[PDB]
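J.: Take a look at target27.cif, mmCIF, C-alpha atoms and all ligand atoms:
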```cif
data_coords
loop_
_atom_site.group_PDB
_atom_site.id
_atom_site.type_symbol
_atom_site.label_atom_id
_atom_site.label_comp_id
_atom_site.auth_asym_id
_atom_site.auth_seq_id
_atom_site.Cartn_x
_atom_site.Cartn_y
_atom_site.Cartn_z
ATOM 1 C CA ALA S 1 0.000 0.000 0.000
ATOM 2 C CA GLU S 2 1.396 3.566 -0.080
ATOM 3 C CA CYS S 3 3.641 4.550 2.839
ATOM 4 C CA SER S 4 4.189 8.290 2.614
ATOM 5 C CA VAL S 5 2.166 11.490 2.327
ATOM 6 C CA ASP S 6 3.015 15.037 1.105
ATOM 7 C CA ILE S 7 1.999 17.794 3.574
ATOM 8 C CA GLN S 8 2.152 21.525 2.640
ATOM 9 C CA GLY S 9 1.942 24.492 5.040
ATOM 10 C CA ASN S 10 1.411 27.938 3.527
ATOM 11 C CA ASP S 11 1.785 31.638 4.496
ATOM 12 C CA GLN S 12 -1.955 31.424 5.376
ATOM 13 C CA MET S 13 -1.282 29.021 8.297
ATOM 14 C CA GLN S 14 -3.052 26.074 6.500
ATOM 15 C CA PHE S 15 -2.201 22.381 5.954
ATOM 16 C CA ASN S 16 -3.225 20.796 2.575
ATOM 17 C CA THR S 17 -4.996 18.009 4.488
ATOM 18 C CA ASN S 18 -6.540 17.268 7.907
ATOM 19 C CA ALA S 19 -6.545 13.406 7.796
ATOM 20 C CA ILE S 20 -3.847 10.788 7.366
ATOM 21 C CA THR S 21 -4.274 7.080 7.369
ATOM 22 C CA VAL S 22 -1.225 4.831 7.804
ATOM 23 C CA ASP S 23 -1.724 1.348 6.313
ATOM 24 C CA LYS S 24 -0.944 -1.482 8.849
ATOM 25 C CA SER S 25 1.287 -3.232 6.295
ATOM 26 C CA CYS S 26 3.653 -0.234 6.220
ATOM 27 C CA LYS S 27 6.843 -0.941 8.271
ATOM 28 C CA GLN S 28 7.932 2.724 7.984
ATOM 29 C CA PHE S 29 5.939 5.805 7.127
ATOM 30 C CA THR S 30 7.199 9.039 5.543
ATOM 31 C CA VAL S 31 5.817 12.556 5.810
ATOM 32 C CA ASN S 32 7.322 15.011 3.278
ATOM 33 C CA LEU S 33 6.681 18.584 4.451
ATOM 34 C CA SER S 34 6.827 21.675 2.131
ATOM 35 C CA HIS S 35 6.312 25.382 2.743
ATOM 36 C CA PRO S 36 4.931 27.352 -0.207
ATOM 37 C CA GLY S 37 5.045 31.061 0.447
ATOM 38 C CA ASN S 38 7.546 33.865 0.937
ATOM 39 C CA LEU S 39 7.830 34.183 4.673
ATOM 40 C CA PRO S 40 10.807 32.968 6.700
ATOM 41 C CA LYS S 41 10.792 30.475 9.561
ATOM 42 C CA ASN S 42 10.854 32.964 12.518
ATOM 43 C CA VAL S 43 7.635 34.620 11.302
ATOM 44 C CA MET S 44 5.769 31.757 9.506
ATOM 45 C CA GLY S 45 7.603 28.463 10.393
ATOM 46 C CA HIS S 46 5.756 25.171 10.054
ATOM 47 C CA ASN S 47 6.528 21.693 11.329
ATOM 48 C CA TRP S 48 4.568 18.438 11.355
ATOM 49 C CA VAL S 49 4.388 16.900 14.820
ATOM 50 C CA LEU S 50 2.730 13.592 15.817
ATOM 51 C CA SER S 51 1.367 12.501 19.192
ATOM 52 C CA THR S 52 -1.699 10.792 20.700
ATOM 53 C CA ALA S 53 -4.751 13.104 20.677
ATOM 54 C CA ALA S 54 -4.573 13.281 24.527
ATOM 55 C CA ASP S 55 -0.997 14.492 24.493
ATOM 56 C CA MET S 56 -1.499 17.012 21.712
ATOM 57 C CA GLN S 57 -2.308 19.955 23.969
ATOM 58 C CA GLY S 58 0.748 19.543 26.308
ATOM 59 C CA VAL S 59 3.107 19.196 23.366
ATOM 60 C CA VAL S 60 1.748 22.408 21.725
ATOM 61 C CA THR S 61 1.735 24.441 24.994
ATOM 62 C CA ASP S 62 5.171 23.180 26.049
ATOM 63 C CA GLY S 63 6.567 23.795 22.538
ATOM 64 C CA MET S 64 5.323 27.374 22.192
ATOM 65 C CA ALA S 65 6.984 28.124 25.525
ATOM 66 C CA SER S 66 10.283 26.716 24.314
ATOM 67 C CA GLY S 67 10.937 29.375 21.649
ATOM 68 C CA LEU S 68 12.214 29.496 18.051
ATOM 69 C CA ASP S 69 15.635 28.257 19.146
ATOM 70 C CA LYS S 70 14.108 24.857 20.066
ATOM 71 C CA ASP S 71 11.915 24.815 16.921
ATOM 72 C CA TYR S 72 8.979 25.215 19.338
ATOM 73 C CA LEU S 73 9.277 21.803 20.898
ATOM 74 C CA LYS S 74 10.062 21.134 24.460
ATOM 75 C CA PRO S 75 13.440 19.416 24.618
ATOM 76 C CA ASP S 76 13.245 15.657 25.378
ATOM 77 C CA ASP S 77 9.419 15.508 24.931
ATOM 78 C CA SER S 78 8.741 11.806 25.076
ATOM 79 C CA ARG S 79 5.143 12.456 24.007
ATOM 80 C CA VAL S 80 6.368 13.249 20.498
ATOM 81 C CA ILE S 81 6.082 10.116 18.418
ATOM 82 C CA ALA S 82 7.662 11.709 15.324
ATOM 83 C CA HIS S 83 8.279 15.125 13.823
ATOM 84 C CA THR S 84 9.929 17.080 11.083
ATOM 85 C CA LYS S 85 12.080 20.165 11.558
ATOM 86 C CA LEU S 86 10.581 23.613 11.626
ATOM 87 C CA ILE S 87 10.864 25.089 8.110
ATOM 88 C CA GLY S 88 10.360 28.428 6.410
ATOM 89 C CA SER S 89 9.171 29.183 2.850
ATOM 90 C CA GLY S 90 11.067 27.415 0.051
ATOM 91 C CA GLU S 91 12.298 24.745 2.458
ATOM 92 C CA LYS S 92 11.246 21.121 2.639
ATOM 93 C CA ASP S 93 11.846 18.368 5.214
ATOM 94 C CA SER S 94 10.770 14.754 5.570
ATOM 95 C CA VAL S 95 10.482 12.446 8.556
ATOM 96 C CA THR S 96 10.303 8.638 8.291
ATOM 97 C CA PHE S 97 9.267 6.787 11.437
ATOM 98 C CA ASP S 98 8.767 3.211 12.579
ATOM 99 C CA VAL S 99 5.057 2.263 12.178
ATOM 100 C CA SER S 100 5.382 -0.110 15.160
ATOM 101 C CA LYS S 101 5.277 3.044 17.330
ATOM 102 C CA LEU S 102 1.543 3.312 16.349
ATOM 103 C CA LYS S 103 -1.367 1.475 18.040
ATOM 104 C CA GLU S 104 -4.660 -0.106 17.850
ATOM 105 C CA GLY S 105 -6.332 2.617 17.942
ATOM 106 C CA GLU S 106 -5.962 5.542 19.075
ATOM 107 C CA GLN S 107 -6.349 8.335 17.736
ATOM 108 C CA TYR S 108 -3.322 10.358 16.931
ATOM 109 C CA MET S 109 -3.210 13.989 16.004
ATOM 110 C CA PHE S 110 -0.654 15.666 13.742
ATOM 111 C CA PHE S 111 -0.129 19.384 14.195
ATOM 112 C CA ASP S 112 2.222 22.351 13.841
ATOM 113 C CA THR S 113 3.675 23.788 17.080
ATOM 114 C CA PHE S 114 4.677 27.247 15.751
ATOM 115 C CA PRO S 115 2.827 29.590 18.109
ATOM 116 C CA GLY S 116 -0.937 29.649 17.250
ATOM 117 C CA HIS S 117 -0.577 27.590 14.081
ATOM 118 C CA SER S 118 -2.320 24.466 15.581
ATOM 119 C CA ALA S 119 -5.667 26.337 15.407
ATOM 120 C CA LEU S 120 -5.825 25.438 11.676
ATOM 121 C CA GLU S 121 -2.736 23.234 11.045
ATOM 122 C CA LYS S 122 -3.869 20.019 12.736
ATOM 123 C CA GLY S 123 -5.401 16.712 11.782
ATOM 124 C CA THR S 124 -6.038 13.146 12.623
ATOM 125 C CA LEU S 125 -3.790 10.233 11.837
ATOM 126 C CA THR S 126 -5.015 6.622 12.104
ATOM 127 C CA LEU S 127 -3.449 3.171 11.644
ATOM 128 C CA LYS S 128 -5.687 1.293 9.161
HETATM 129 CU CU CU S 201 2.576 -1.336 0.621
HETATM 130 CU CU CU S 202 3.086 26.714 11.097
#
```
Rewrite the structure from the file as structure tokens, please.
Ligand SMILES: [Cu+2]
Ligand SMILES: [Cu+2]

T.:
Amino acid sequence: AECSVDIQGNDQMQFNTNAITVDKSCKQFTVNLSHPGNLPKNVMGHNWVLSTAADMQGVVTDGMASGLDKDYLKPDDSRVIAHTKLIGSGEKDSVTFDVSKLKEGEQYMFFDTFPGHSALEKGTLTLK
């Protein structure tokens, strides 16, 4: 089955999609993140961050607090299942993670932790 998805975050603080499904027969899964737009990372940075739905709010609150110099993630946040870097316009980054980190089921959320961006740039990910 397919084992990767392309995710775009724009200067309008949107993701191209709000739903990912990871096929159970995938051993690894790749998210390829792009940033169309003109604005740099410090002003309009986007990342793609994965956790359980329950952990989403701590990860976003703790990450905002941590500042640009930590790419808005709390250092050593063991609630983060996988994530890309924080990127600015014209950049791209991919993350490939072990699908065995994902459960039956649960209910993951992917989101951007740049301050305020999770209000639109969020979605559900499910193992299926
Ligand atoms: Cu396959
Ligand atoms: Cu963002």

J.: Using only C-alpha atoms and all ligand atoms, find each protein or nucleic acid residue lying at most 8 Å from ligand CU 201 (chain S); present the set as number ranges by chain.

T.: S: 1-3, 23, 25-26

J.: Out of S:71, S:55, S:76, S:62, which residue has the shortest atom-to-atom distance to ligand CU 202 (chain S) when counting all atoms listed in the file?

T.: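 Using all atoms listed in the file, the shortest distance to ligand CU 202 (chain S) belongs to S:71.
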
J.: Just want the residues within 8 Å of ligand CU 202 (chain S), written as a list in words, counting all atoms listed in the file.

T.: residues 9, 10, 13, 14, 44, 45, 46, 47, 112, 113, 114, 115, 116, 117, 118 and 121 of chain S

J.: Mind running region 22-71 of chain S against region 85-96 of chain S at 8 Å and telling me each contacting residue's nearest atom pair with the distance in Å (one decimal), counting only C-alpha atoms, chain and number ascending, as JSON lines?

T.:
```
{"residue": "S:28", "atom": "CA", "partner": "S:96", "partner_atom": "CA", "distance": 6.4}
{"residue": "S:29", "atom": "CA", "partner": "S:96", "partner_atom": "CA", "distance": 5.3}
{"residue": "S:30", "atom": "CA", "partner": "S:96", "partner_atom": "CA", "distance": 4.2}
{"residue": "S:31", "atom": "CA", "partner": "S:95", "partner_atom": "CA", "distance": 5.4}
{"residue": "S:32", "atom": "CA", "partner": "S:94", "partner_atom": "CA", "distance": 4.1}
{"residue": "S:33", "atom": "CA", "partner": "S:93", "partner_atom": "CA", "distance": 5.2}
{"residue": "S:34", "atom": "CA", "partner": "S:92", "partner_atom": "CA", "distance": 4.5}
{"residue": "S:35", "atom": "CA", "partner": "S:89", "partner_atom": "CA", "distance": 4.8}
{"residue": "S:36", "atom": "CA", "partner": "S:89", "partner_atom": "CA", "distance": 5.5}
{"residue": "S:37", "atom": "CA", "partner": "S:89", "partner_atom": "CA", "distance": 5.1}
{"residue": "S:38", "atom": "CA", "partner": "S:89", "partner_atom": "CA", "distance": 5.3}
{"residue": "S:39", "atom": "CA", "partner": "S:89", "partner_atom": "CA", "distance": 5.5}
{"residue": "S:40", "atom": "CA", "partner": "S:88", "partner_atom": "CA", "distance": 4.6}
{"residue": "S:41", "atom": "CA", "partner": "S:88", "partner_atom": "CA", "distance": 3.8}
{"residue": "S:42", "atom": "CA", "partner": "S:88", "partner_atom": "CA", "distance": 7.6}
{"residue": "S:44", "atom": "CA", "partner": "S:88", "partner_atom": "CA", "distance": 6.5}
{"residue": "S:45", "atom": "CA", "partner": "S:88", "partner_atom": "CA", "distance": 4.8}
{"residue": "S:46", "atom": "CA", "partner": "S:86", "partner_atom": "CA", "distance": 5.3}
{"residue": "S:47", "atom": "CA", "partner": "S:86", "partner_atom": "CA", "distance": 4.5}
{"residue": "S:48", "atom": "CA", "partner": "S:85", "partner_atom": "CA", "distance": 7.7}
{"residue": "S:71", "atom": "CA", "partner": "S:86", "partner_atom": "CA", "distance": 5.6}
```

J.: In terms of the shortest atom-to-atom distance over all atoms listed in the file, which of S:54, S:106, S:128, S:119 is closest to residue 15 (chain S)?

T.: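 When distances to residue 15 (chain S) are compared using all atoms listed in the file, the smallest one comes from S:119.
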
J.: Let me have the centre and edge lengths of the axis-aligned box enclosing all listed atoms of region 109-125 of chain S with 4 Å padding on every side, in Å to one decimal, as lines of an AutoDock Vina configuration file.

T.:
```
center_x = -0.7
center_y = 19.9
center_z = 14.6
size_x = 18.7
size_y = 27.4
size_z = 15.1
```
